Every structure is written in C-alpha cells, then in structure tokens.
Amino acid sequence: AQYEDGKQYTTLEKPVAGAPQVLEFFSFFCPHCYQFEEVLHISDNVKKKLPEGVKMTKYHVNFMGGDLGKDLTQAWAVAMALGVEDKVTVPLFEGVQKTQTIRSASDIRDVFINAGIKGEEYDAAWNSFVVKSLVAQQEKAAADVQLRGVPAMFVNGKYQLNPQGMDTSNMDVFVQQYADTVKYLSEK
C-alpha cells in the first residue's frame, strides 16, 4: 500500500484512550525540534491540511536539559495558559539553541517580559495551580506513550509519525509528506 504500518508511521501497541486527536511533543533543547519549528514549520503545515477547527495539541517534555528542561515545561504551561505560544516559541528556541542566553528560570521569564507579558501576570501564572495542572497534563500525555524521543507526533492515541521513512533532500517535499500522512492517519 502507499501508506504502510511500519513505514510512514507505526502503530501503538497499547493505544491511549481519550487522547488529543493530533498531539505533538517537543523540547526547546531538541535540535530536530528547532528545525521542525523554525525551518520546516511542521505544526503549521499539518494544521493547514486538517479540517477547520481540529484540535492540535503541543506539549513540552522534561527528559532533555535537566533542571532547565523542567523549567521550560512549566514555562510552556504558562504559555498555554496565557495563550502566548506564538509569541514565545521562537525566542525560547533561539534563546536555548542559537544565542544560548537562556540559562536559568529568570532568563526564561525575561523572554516572556520582552514579548510583552507583564511581570505580575507571568509570576501569577507560573505559581498557579492551573499551571501545575497543565504541567501534570503534559507529563501524563508523554507517560501514556512511554515517550523517550522528540520531536514526536501521535494521531488519535493510536499512530506515531515515522519521519525516518521519508526523503529529506527537499525540505518542502518532506513537510508535505509528513502533513499528508497526518491527514491520512486522522481519517483512519
């Protein structure tokens, strides 16, 4: 067949009841994740190929970067809670991987301040129990699939994207193939 279990995707052996339809995991420490966001724009190209209004969910992970990796999962929970993901994704990736100016939780906060989130608003969110619940949710979703690498994308708790089965000689063709595979899976 054109799409085959074990080629463009693999099938979870213990599927996850009630999972987000389209669930992406990343780390701001992850070099391929930087490529996925800043160079390939995977999440945006996937969204443009799914029906209007569908739920794409994107969660950060703890297992890269030690202490700061866990701070970034909490900061990502702040970003989700305040709805400022689009304002802080680029400066966080660049601050960790390009300029290497993010070295502490305070440096992460500066990214939000510079992006126009008020200090009191950031700190209140950082310390909130709503943000604790969002951290818990990110952790649980990664645990549900025994996640040990990023970037990763899951469709309906059932299918995991397998980009290692895709020609990457042309960036645009690769992104298309990835997006079309998500569409195909979501229609399964």
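Here the rigid core means the biggest group of C-alpha atoms that line up within 1.5 Å when the two forms are laid on top of each other. The first residue of the shown sequence is 1; numbering continues from there.
For the pair 159-167 and 138-146, greater average C-alpha departure from the shown form in 5 other deposited structures of this protein after core alignment is found in 159-167. Annotation: of the segments 168-176 and 14-22, 168-176 departs further from this form in 5 other deposited structures of this protein (C-alpha atoms, root mean square over structures and residues, core superposition). Higher mean CA temperature factor, per the PDB entry, when comparing 51-59 with 132-140: 51-59. Mean C-alpha B-factor is higher over 158-166 than over the other stretch, the pair under comparison being 158-166 and 123-131. Split the chain's modelled residues into thirds by C-alpha temperature factor. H41 is in the middle one. Among the modelled residues of its chain, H32 has a C-alpha B-factor that falls in the middle third, as given in the PDB entry.
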